[PDB]
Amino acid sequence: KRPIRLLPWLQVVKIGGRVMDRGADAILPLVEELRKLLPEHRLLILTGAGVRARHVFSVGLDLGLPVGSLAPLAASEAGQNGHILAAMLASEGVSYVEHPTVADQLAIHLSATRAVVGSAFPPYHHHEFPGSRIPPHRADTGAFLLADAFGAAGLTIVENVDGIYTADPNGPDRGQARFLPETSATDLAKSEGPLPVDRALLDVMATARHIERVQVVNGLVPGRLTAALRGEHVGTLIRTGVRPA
């Protein structure tokens, strides 16, 4: 059998770092939608890194630093994004919590308030896997590892696009990009081109214990996060491979 579900009533939301990079134009509508969601769900909001992590890679790689050194440096940018977002929701009782509090005390903090914010990056730090000079375990991977370990009700990834395409919709081959309403983690893992989610996310999905699907939706369209949290199909659905019992 599977491990038990520690927090079966939890809903986890991951905010893309490059969504935050857009500034108030995107954060304010997002903050308004999250305010209205507070009475409806028990939310753990996790933030990604964004462009600032590409700059530290640019500097770190130029200095020749190993992937174990760049991993935690990029994590800092995701934490700072979480502090910004939590600050905008402080009047509603939301604050940022550290990785130790998420791992061991999430139950008390969601009893004290409706939602909390944290960093989506996992604590792999200087023990990151070797191979690629770019840290593989990034924000998408960290959020799913937590959501599945807790046995949460779901994980929703908020992006700056409608979902996953057959090619980069903002890249050189954007003319051939075809939207994918639904896909499986295994099918994605066998394609070569770029993606909007970490490739490590597909690996941990292959060993997932509880979460059956993850939906990628566009946070730049008000209402889709709300609809996705109710199971409405408004983006790309990724089937992890887990079946019921």
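Residue numbers run from 1 along the displayed sequence.
Two stretches are in play, 182-190 and 37-45, and the higher mean C-alpha B-factor belongs to 182-190.
Look at the mean CA B-factor for 93-101 and for 168-176 in the entry; the higher one is 168-176.
Per the deposited coordinates, the residue with the largest Cα temperature factor out of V216, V56, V67, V31 is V56. Out of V12, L237, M20, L225, the entry records its largest CA B-factor for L237. The PDB entry assigns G131 a C-alpha temperature factor belonging to the highest third of its chain's modelled residues. In the PDB entry, a CA B factor belonging to the lowest third of its chain's modelled residues is recorded for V116. In the deposited entry, the Cα temperature factor of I211 sits in the bottom third of values across the chain's modelled residues. Among the modelled residues of the chain, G163 sits in the highest third by CA temperature factor in this PDB entry.
The entry lists a Cα temperature factor for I27 that places it in the lowest third of the chain's modelled residues.
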